[PDB]
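Here is the structure we will look at.
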Amino acid sequence: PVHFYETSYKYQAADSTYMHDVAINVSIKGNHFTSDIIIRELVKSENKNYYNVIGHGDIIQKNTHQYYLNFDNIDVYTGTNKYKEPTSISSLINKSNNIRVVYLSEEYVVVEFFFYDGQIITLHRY
Amino acid sequence: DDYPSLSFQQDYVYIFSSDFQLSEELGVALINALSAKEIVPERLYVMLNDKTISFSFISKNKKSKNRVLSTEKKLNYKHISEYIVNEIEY
């Protein structure tokens, strides 16, 4: 059984005008997952750069409310013409990335995950 | 696991943080502010770390609003509360 998750958020640097607009989309078919992330960077309220990041791997449930992801593929697309990264690509393809659930529902789920070395967020189900 | 354990639960407010003092001060401020502006969240999650601050505001319509804030030096209950309340009300 496949469960889809989706959410968006905005990151803001308190010492700068820099910020992210991030849309998250996850697909879980059982033991494996596929994540799709779009990061639009804005400096001074102007669409600066973008990133499309696609993930794939295993989601392993340790406890009833404690998971972790093991990526086997990470794919980054960006603007050809050439900042804060939510997570480093190397830290994903080497470590297990913990996800602790704090509330489960049929319409949404609330988790604490690994972006920015600590982030809480709500994801809608479908 | 290493995420901060829960540290404050009111009507709709949840706060995960290793600073129980800042959690208390922040929760009451949110309750006060949102009631003053007559805003009733279905639920409001918040997470405090050394650098980052994040929260999730679940609306009565079950549509959420998520935010993150990184800061050089730590902020207090009023600064965080004004930030969170400002993002919610938009």
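Simple scheme: letters A, B, ... for chains in structure tokens order, numbers from 1 for residues in each chain, numbers from 1 for ligands in the order shown.
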
Show me, as JSON lines, the residues of chain A having an atom within 10 Å of chain B, each with the closest atom pair and its distance in Å, using only C-alpha atoms.
{"residue": "A:7", "atom": "CA", "partner": "B:64", "partner_atom": "CA", "distance": 8.0}
{"residue": "A:8", "atom": "CA", "partner": "B:66", "partner_atom": "CA", "distance": 6.7}
{"residue": "A:9", "atom": "CA", "partner": "B:66", "partner_atom": "CA", "distance": 4.6}
{"residue": "A:10", "atom": "CA", "partner": "B:67", "partner_atom": "CA", "distance": 5.0}
{"residue": "A:11", "atom": "CA", "partner": "B:68", "partner_atom": "CA", "distance": 4.5}
{"residue": "A:12", "atom": "CA", "partner": "B:69", "partner_atom": "CA", "distance": 4.9}
{"residue": "A:13", "atom": "CA", "partner": "B:70", "partner_atom": "CA", "distance": 5.2}
{"residue": "A:14", "atom": "CA", "partner": "B:71", "partner_atom": "CA", "distance": 4.9}
{"residue": "A:15", "atom": "CA", "partner": "B:71", "partner_atom": "CA", "distance": 6.3}
{"residue": "A:16", "atom": "CA", "partner": "B:71", "partner_atom": "CA", "distance": 9.4}
{"residue": "A:19", "atom": "CA", "partner": "B:69", "partner_atom": "CA", "distance": 9.1}
{"residue": "A:20", "atom": "CA", "partner": "B:68", "partner_atom": "CA", "distance": 9.2}
{"residue": "A:21", "atom": "CA", "partner": "B:67", "partner_atom": "CA", "distance": 9.5}
{"residue": "A:22", "atom": "CA", "partner": "B:66", "partner_atom": "CA", "distance": 9.9}
{"residue": "A:66", "atom": "CA", "partner": "B:1", "partner_atom": "CA", "distance": 7.7}
{"residue": "A:67", "atom": "CA", "partner": "B:1", "partner_atom": "CA", "distance": 9.5}
{"residue": "A:98", "atom": "CA", "partner": "B:1", "partner_atom": "CA", "distance": 7.3}
{"residue": "A:99", "atom": "CA", "partner": "B:1", "partner_atom": "CA", "distance": 8.7}
{"residue": "A:100", "atom": "CA", "partner": "B:1", "partner_atom": "CA", "distance": 7.7}
{"residue": "A:102", "atom": "CA", "partner": "B:6", "partner_atom": "CA", "distance": 9.2}
{"residue": "A:107", "atom": "CA", "partner": "B:62", "partner_atom": "CA", "distance": 8.0}
{"residue": "A:108", "atom": "CA", "partner": "B:62", "partner_atom": "CA", "distance": 8.2}
{"residue": "A:110", "atom": "CA", "partner": "B:45", "partner_atom": "CA", "distance": 8.4}
{"residue": "A:111", "atom": "CA", "partner": "B:45", "partner_atom": "CA", "distance": 9.8}
{"residue": "A:112", "atom": "CA", "partner": "B:3", "partner_atom": "CA", "distance": 7.0}
{"residue": "A:113", "atom": "CA", "partner": "B:3", "partner_atom": "CA", "distance": 8.4}
{"residue": "A:114", "atom": "CA", "partner": "B:3", "partner_atom": "CA", "distance": 9.3}
{"residue": "A:115", "atom": "CA", "partner": "B:68", "partner_atom": "CA", "distance": 9.9}
{"residue": "A:116", "atom": "CA", "partner": "B:52", "partner_atom": "CA", "distance": 7.2}
{"residue": "A:117", "atom": "CA", "partner": "B:52", "partner_atom": "CA", "distance": 8.3}
{"residue": "A:118", "atom": "CA", "partner": "B:3", "partner_atom": "CA", "distance": 7.0}
{"residue": "A:119", "atom": "CA", "partner": "B:54", "partner_atom": "CA", "distance": 5.9}
{"residue": "A:120", "atom": "CA", "partner": "B:47", "partner_atom": "CA", "distance": 6.0}
{"residue": "A:121", "atom": "CA", "partner": "B:56", "partner_atom": "CA", "distance": 5.4}
{"residue": "A:122", "atom": "CA", "partner": "B:56", "partner_atom": "CA", "distance": 6.1}
{"residue": "A:123", "atom": "CA", "partner": "B:64", "partner_atom": "CA", "distance": 8.0}
{"residue": "A:124", "atom": "CA", "partner": "B:63", "partner_atom": "CA", "distance": 7.9}

Near residue 32 in chain B, counting only C-alpha atoms, which residues have an atom at most 12 Å away, once you skip same-chain residues fewer than 3 positions from it, shown as number ranges by chain?
B: 10-11, 13, 25-29, 35-40, 78, 81-82, 85

Export of the given selection (N, CA, C and O atoms) as a PDB file, in the first residue's frame:
ATOM      1  N   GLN B  10      -0.320  22.976  25.949  1.00  0.00           N
ATOM      2  CA  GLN B  10      -1.496  23.717  26.385  1.00  0.00           C
ATOM      3  C   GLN B  10      -2.695  23.279  25.548  1.00  0.00           C
ATOM      4  O   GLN B  10      -2.812  22.098  25.206  1.00  0.00           O
ATOM      5  N   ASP B  11      -3.585  24.212  25.204  1.00  0.00           N
ATOM      6  CA  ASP B  11      -4.779  23.863  24.441  1.00  0.00           C
ATOM      7  C   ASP B  11      -4.405  23.272  23.087  1.00  0.00           C
ATOM      8  O   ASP B  11      -4.834  22.168  22.732  1.00  0.00           O
ATOM      9  N   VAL B  13      -0.911  24.068  21.782  1.00  0.00           N
ATOM     10  CA  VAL B  13       0.507  24.375  21.626  1.00  0.00           C
ATOM     11  C   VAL B  13       1.330  23.162  22.037  1.00  0.00           C
ATOM     12  O   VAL B  13       1.070  22.543  23.075  1.00  0.00           O
ATOM     13  N   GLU B  25       7.883  30.268  28.773  1.00  0.00           N
ATOM     14  CA  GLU B  25       7.687  31.664  28.400  1.00  0.00           C
ATOM     15  C   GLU B  25       7.089  31.784  27.005  1.00  0.00           C
ATOM     16  O   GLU B  25       6.267  32.671  26.746  1.00  0.00           O
ATOM     17  N   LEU B  26       7.483  30.894  26.094  1.00  0.00           N
ATOM     18  CA  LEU B  26       7.008  30.977  24.718  1.00  0.00           C
ATOM     19  C   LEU B  26       5.566  30.498  24.592  1.00  0.00           C
ATOM     20  O   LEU B  26       4.771  31.106  23.868  1.00  0.00           O
ATOM     21  N   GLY B  27       5.213  29.418  25.291  1.00  0.00           N
ATOM     22  CA  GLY B  27       3.859  28.895  25.188  1.00  0.00           C
ATOM     23  C   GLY B  27       2.811  29.896  25.636  1.00  0.00           C
ATOM     24  O   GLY B  27       1.857  30.185  24.909  1.00  0.00           O
ATOM     25  N   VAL B  28       2.973  30.439  26.845  1.00  0.00           N
ATOM     26  CA  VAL B  28       1.998  31.394  27.370  1.00  0.00           C
ATOM     27  C   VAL B  28       1.874  32.593  26.441  1.00  0.00           C
ATOM     28  O   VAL B  28       0.773  33.115  26.220  1.00  0.00           O
ATOM     29  N   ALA B  29       2.996  33.052  25.883  1.00  0.00           N
ATOM     30  CA  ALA B  29       2.956  34.195  24.979  1.00  0.00           C
ATOM     31  C   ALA B  29       2.147  33.876  23.728  1.00  0.00           C
ATOM     32  O   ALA B  29       1.377  34.714  23.245  1.00  0.00           O
ATOM     33  N   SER B  35      -5.069  34.372  21.199  1.00  0.00           N
ATOM     34  CA  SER B  35      -6.394  34.685  21.725  1.00  0.00           C
ATOM     35  C   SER B  35      -6.727  36.157  21.522  1.00  0.00           C
ATOM     36  O   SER B  35      -7.860  36.499  21.163  1.00  0.00           O
ATOM     37  N   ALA B  36      -5.751  37.041  21.742  1.00  0.00           N
ATOM     38  CA  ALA B  36      -5.979  38.469  21.540  1.00  0.00           C
ATOM     39  C   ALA B  36      -6.411  38.752  20.106  1.00  0.00           C
ATOM     40  O   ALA B  36      -7.369  39.498  19.868  1.00  0.00           O
ATOM     41  N   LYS B  37      -5.714  38.165  19.136  1.00  0.00           N
ATOM     42  CA  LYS B  37      -6.093  38.279  17.734  1.00  0.00           C
ATOM     43  C   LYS B  37      -7.167  37.273  17.337  1.00  0.00           C
ATOM     44  O   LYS B  37      -7.401  37.077  16.139  1.00  0.00           O
ATOM     45  N   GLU B  38      -7.830  36.660  18.313  1.00  0.00           N
ATOM     46  CA  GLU B  38      -8.873  35.659  18.090  1.00  0.00           C
ATOM     47  C   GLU B  38      -8.508  34.732  16.930  1.00  0.00           C
ATOM     48  O   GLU B  38      -9.178  34.671  15.900  1.00  0.00           O
ATOM     49  N   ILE B  39      -7.412  34.001  17.126  1.00  0.00           N
ATOM     50  CA  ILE B  39      -6.967  32.965  16.201  1.00  0.00           C
ATOM     51  C   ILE B  39      -6.944  31.647  16.960  1.00  0.00           C
ATOM     52  O   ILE B  39      -6.337  31.556  18.034  1.00  0.00           O
ATOM     53  N   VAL B  40      -7.611  30.636  16.411  1.00  0.00           N
ATOM     54  CA  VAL B  40      -7.724  29.342  17.080  1.00  0.00           C
ATOM     55  C   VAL B  40      -7.084  28.265  16.211  1.00  0.00           C
ATOM     56  O   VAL B  40      -7.748  27.711  15.321  1.00  0.00           O
ATOM     57  N   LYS B  78       9.879  36.600  23.662  1.00  0.00           N
ATOM     58  CA  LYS B  78       9.122  37.629  22.954  1.00  0.00           C
ATOM     59  C   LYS B  78       9.483  37.670  21.476  1.00  0.00           C
ATOM     60  O   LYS B  78       8.597  37.772  20.618  1.00  0.00           O
ATOM     61  N   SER B  81       8.048  34.527  19.888  1.00  0.00           N
ATOM     62  CA  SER B  81       6.591  34.603  19.874  1.00  0.00           C
ATOM     63  C   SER B  81       6.101  35.584  18.815  1.00  0.00           C
ATOM     64  O   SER B  81       5.166  35.286  18.063  1.00  0.00           O
ATOM     65  N   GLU B  82       6.718  36.765  18.745  1.00  0.00           N
ATOM     66  CA  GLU B  82       6.324  37.734  17.727  1.00  0.00           C
ATOM     67  C   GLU B  82       6.569  37.184  16.328  1.00  0.00           C
ATOM     68  O   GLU B  82       5.758  37.397  15.417  1.00  0.00           O
ATOM     69  N   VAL B  85       3.826  34.304  15.763  1.00  0.00           N
ATOM     70  CA  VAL B  85       2.509  34.917  15.613  1.00  0.00           C
ATOM     71  C   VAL B  85       2.433  35.714  14.320  1.00  0.00           C
ATOM     72  O   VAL B  85       1.385  35.750  13.664  1.00  0.00           O
TER      73      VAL B  85
END

Neighbouring residues of residue 32 in chain A were defined as those with any atom within 10 Å, considering only C-alpha atoms; residues of the same chain fewer than 3 positions away were excluded. Please report them as a list in words.
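My reading of the contact set: residues 2, 27, 28, 29, 56, 57, 58, 59, 60, 69, 70 and 71 of chain A.
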
Choose the residue, out of A:72, A:62, A:126, A:46, that has the smallest atom-to-atom separation from residue 33 in chain A; count only C-alpha atoms.
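Under the stated criterion, the closest residue is A:72.
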
Which residue is closest to residue 45 in chain A? Choose from A:23, A:17, A:64, A:77 and count only C-alpha atoms.
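Closest candidate: A:17.
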
Just how far from CA of residue 9 in chain B is CA of residue 97 in chain A, in Å to one decimal?
27.2 Å
